[PDB]
Protein chains: 2
Amino acid sequence: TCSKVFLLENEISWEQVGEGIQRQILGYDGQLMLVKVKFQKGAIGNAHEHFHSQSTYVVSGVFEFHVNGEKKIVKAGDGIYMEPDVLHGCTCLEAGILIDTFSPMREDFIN
Amino acid sequence: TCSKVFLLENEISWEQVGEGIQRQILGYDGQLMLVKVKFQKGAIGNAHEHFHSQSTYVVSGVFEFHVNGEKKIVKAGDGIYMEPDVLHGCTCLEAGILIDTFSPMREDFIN
Ligand SMILES: [Zn+2]
Ligand SMILES: [Zn+2]
Ligand SMILES: [Zn+2]
């Protein structure tokens, strides 16, 4: 239950997560999972809860993240921390990429 | 042992990791730590081992990563997975940013 050492964008498949949202599962094992998520402008990251701890990084674009109801617009270079079981989501104000990281792995992304 | 919800680049301090390497510890708890690491051209990520699982994402620039001796040049959009206790390092071929994620947290980055 792990990935290859080197995960190259041109060698990994993009998965359509939803309308305007694509993703590439990158390096992971059972305890850590790094996911690249490409958002189009207006794409909505539906609000969800999960026991997995999550730390996200904004590579590019502009997002309105909401965590536990607290809202804040975030942009490239910013990060967001989502403690276990918190309700969280996002709305892409400007097309860009998010790196979503998880502990433990999100087994539903693989299976 | 956790960070604020929203970690903004302009509100977080940059730490000089080494010659040509700066970093911002972003969202983390005890089980997951996301670190932004800004490399200058020629900067060297010294080879190290640690039981922590690590998944890295190349935001920008060009790097020669080495993992368990296997070498591969990586660029924006690529990822690298480093299993516990593997020897790994990097050399920045073009100035850019790496997102280093860890499970469990790297307590030596905080303390
Ligand atoms: Zn764990
Ligand atoms: Zn989530
Ligand atoms: Zn490392």
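Proteins get letters first, then strands, A, B, ... in listed order; numbering begins at 1 in each.
- When only modelled atom types and interatomic distance are considered, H88(B) and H66(B) share no side-chain donor-acceptor pair under 3.5 Å.
- For a residue to count as touching a neighbouring chain, one of its non-hydrogen atoms must lie under 4.5 Å from one of that chain's; by this rule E83(B) does not touch chain A.
- Listed options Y57(A), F65(A), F6(A) were ranked by heavy-atom pairs under 4.5 angstrom with chain B; first place goes to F6(A).
- Of the two parts of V74(B), only the side chain, counted from C-beta on, holds a non-hydrogen atom closer than 4.5 Å to a non-hydrogen atom of chain A.
- To the nearest 0.5 Å, the span separating CD1 on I80(A) from OG1 on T56(A) amounts to 5.5 Å.
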**OP:** Before giving the answer on salt bridge (charged side-chain N to carboxylate O under 4.0 Å, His left out), spell out for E9(B) and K36(B) the whole-Å C-alpha distance, their side-chain angles and the decisive distance to 0.1 Å.
**Re:** CA-CA 10 Å; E9(B) 183 178 63; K36(B) 185 208 291 142; 3.4 Å; yes
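- Between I99(B) atom CD1 and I99(A) atom CD1 the span is 7.5 Å, to the nearest 0.5 Å.
- Options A76(A), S55(A), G27(A) differ in how many heavy-atom pairs under 4.5 Å they form with chain B, and the most are formed by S55(A).
- Neither the backbone nor the side chain of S60(B) has a heavy atom closer than 4.5 Å to any heavy atom of chain A.
- In terms of heavy atoms, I21(A) sits closest to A43(A) at CG1-CB, 3.7 Å.
- At most 12 heavy atoms of other shown residues, nucleotides or ligands fall within 6.0 angstrom of atom NZ in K4(A).
- The closest donor-acceptor contact from the side chain of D29(A) to the backbone of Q31(A) lies under 3.5 Å.
- Within residues 102-110 of chain B, the residues approaching chain A closer than 4.5 Å by heavy atoms are, in numerical order, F102(B), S103(B).
- If you measure heavy-atom distances from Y28(B) to chain A, the contacts under 4.5 Å come from the backbone alone.
- Among the candidates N10(B), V58(B), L26(B), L34(B), the residue making the largest number of heavy-atom pairs closer than 4.5 Å to chain A is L34(B).
- Under the 3.5 Å distance criterion, with hydrogens and angles disregarded, no donor-acceptor pair is assigned to the side chains of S13(A) and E15(A).
- Within a 6.0 Å radius of CD in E19(A), other residues, nucleotides and ligands contribute 12 heavy atoms or fewer.
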